[PDB]
Every structure is written in structure tokens, then in C-alpha cells.
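Next up: a single chain in C-alpha cells, the form deposited in one PDB entry.
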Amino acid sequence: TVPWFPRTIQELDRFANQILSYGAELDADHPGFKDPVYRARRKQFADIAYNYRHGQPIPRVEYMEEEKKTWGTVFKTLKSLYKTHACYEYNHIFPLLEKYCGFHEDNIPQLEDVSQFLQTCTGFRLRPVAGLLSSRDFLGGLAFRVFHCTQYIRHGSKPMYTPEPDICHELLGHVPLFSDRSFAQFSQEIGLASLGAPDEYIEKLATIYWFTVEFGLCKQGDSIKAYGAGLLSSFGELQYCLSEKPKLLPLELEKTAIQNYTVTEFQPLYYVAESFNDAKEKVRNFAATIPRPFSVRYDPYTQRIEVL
């Protein structure tokens, strides 16, 4: 039987409060989670996301000094690395975010402003959430060009890497490409294909998504660049992904989709795509093979799903 899936933008609110994690709360390598002050902050951001409702303007927040320092450190360090580590597409968009969206080392962008910016770029919009959502829900959101974005920031003790999708990851890793017309359309396409699909196909898509959109590498001329949002938000893993430590393999969905991966440490293996465009094509083609007893059509004027 077919699982329930949202058919309207307002319906996405149904699962908005269903949060998960990568299970690092007890990780001795990630002590930031045990920090009572840190937890108290997460609680504050969670409440905002819990009381939020579709359409509403995203509440502006006043970050603490620690959080501001973390952002600046992450920002300035990554900006330096992007010059030689990030793919062409990313580097061409980043300047625009800095000039028209307030992306600076001494300023944490407010989600409301980023959402307004994305809307004018590609119609994508932000939806604040307490934390990590399931792959089915997150992907479902993409169908309506909605990016469920966190608002809290990683613990200041380890800005180089965090397992969780904090604001740094959402803004520096995902937002840039969501502002691109082609990538935006690509994102919505796979999201549309996931609606009401069997979980065995959802998890498979999630794995493919992980090895491409999240931690993917691609050839650019005779060099290798990073385009995965998880690499682009971690100055620690960004250095590593192009070093001699990790293992590299050609991107092949049949193998990639069944490949194992870590969610609390640097990836031991990465898949290299012939090009950033070939990656999108490959993932798009697989998404179209996801079987289901029906077809879907999205009407942007009413923002509703049509089941055919």
C-alpha cells in the first residue's frame, strides 16, 4: 500500500516536528552535545521551529558571542578553501550570496532574509526545523521547493566538523546550489519522485543523495572539486576529501546506492563524478525509475500535488 505524503505546502507541517539525529549524543569525540548550555540553546531554537507554521515569517534570532565566533571561524576558513577546493558552480554563486544575502564572516544570516533571497532566485523557501528530519520528509519537502533548514549552530569546541546539519551546513552547504535554477529544478524533481514511494527506494535514493549532493566529488577539467554540501560546510572534511587519505571511486549508482557510509566521522570513501552535470543527470535518471502505482504533478500556482 502507498504511504501518506503531503499534497499541499500546508501539509508539510504535519511532520515538521519529527526530529532525529545521527546518534552522537554519547560520542566521546563530540562532547559538545553533553554541554548543558549548548542543550539549552538547542531547546530555544527547537521551540521556535515547533511553534512555526506554514507561510509565517521566520523569527529573527540574536546569537551569542560564542556562536558568532564559530560562524566567523567556519566562514573565513571555508571561504579561503573554496578558492581551490570548491566546484566552479559553487564559487560562481557564493559571491552573489555575499553581496545580496549578507553572507559575511561578521554576520550570521537570518533565515527570513535567506528565504526571501532564495525565493527570488528559484522560488525555494526555508522552513525552520528543530533538527535532522527523516530522508522521506526532507526529500518530500523538496517537491514543493521547500528546504527544511536548521537555525542553531555547531558547538564552538569543534567548528571544523559536526555530524548534525547545523546552520553552517544548511547555509554554506545547501543554500548556494538551491539558488541555482538548474540545481533547484533538479532538487524538486527527485523530491517529486520520492512522494509516497516504498521505503526501500527512499533509503536507496537517500544513499545516492548522500554520495552526491552531500559528499560528492567531481572532475573539473583535469582536477577534482567538491560539490557535496557536507564537504562545503566542514573545513575539516573539505581538506581531507581532496587529500591522500580517503579512497576514491568512479560514480556508479548500482554500487554507490548499496555502498555503506558514516554519519559521525569523515567519509572513508568518496565517489567522483565525470562532472557536476553528469552527477545531476545520473541521480535524476535513477529517481525516475522509482516505481509507484501513480504519477505526480506539481502545480506551482496553487502549490498542490496532482495524483495521476
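Each residue number is its position in the shown sequence, starting from 1. In this text, the rigid core denotes the largest set of C-alpha atoms whose superposition between the two forms falls within 1.5 Å.
Although not depicted, the form deposited in another entry is the subject of the following passage.
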- Query: Superposing on the rigid core, do we see a C-alpha displacement of 2 Å or more at residue 70 between the shown form and the other one?
  - Reply: no
- C-alpha of residue 50: shift of 2 angstroms or more between the shown form and the other one, rigid core aligned? no
- Message: So, superposing on the core, is the move of residue 83 at the CA at least 2 angstroms between the shown form and the other one?
- Response: yes
- in that other deposited form, shift in Cα separation for residue 221 relative to residue 122, 3 Å or more: closer
- Task: Pin down for me whether the residue 22-residue 42 Cα distance shrinks or grows in that other deposited form relative to this form (closer or farther, change of 3 Å or more).
- Result: closer
